[PDB]
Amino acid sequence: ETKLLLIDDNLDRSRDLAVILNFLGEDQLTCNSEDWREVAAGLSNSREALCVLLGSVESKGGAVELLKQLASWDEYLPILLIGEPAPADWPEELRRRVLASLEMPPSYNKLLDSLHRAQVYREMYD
């Protein structure tokens, strides 16, 4: 019984992403870079979070900093990039957790396939 973790500072895209995820019957919590810890404290524990859906981080230290934090919160939490460049920028270590970099809106298939991939990833890593 898991929830997706939707972390994206572009509010408009977020609202659209949630609409699609609800349509898809995929549960999710909606947070930004500033408040994601609070919202994530709503979950029993961290393993309730299947995957992070990540858009744009407008906080101090950017996506890479948010990501460092995510992996100290749960280093087995895989990431899904949506609507943002694939960055060769990121250190390999935290590029590792990024299952796929998807377009906005993602294709129906890519999205489902990638969520399936996040299922398996969590599972193999428990």
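Sequential numbering from 1, following the sequence displayed.
A summary of the deposited B-factors shows that, of 48-56 and 27-35, the stretch with the larger mean C-alpha value is 27-35. Higher mean CA temperature factor, per the PDB entry, when comparing 97-105 with 65-73: 65-73. Among the modelled residues of its chain, residue 85 has a C-alpha B-factor that falls in the middle third, as given in the PDB entry. Residue 11 sits in the highest third of its chain by CA B factor, as recorded in the PDB entry.
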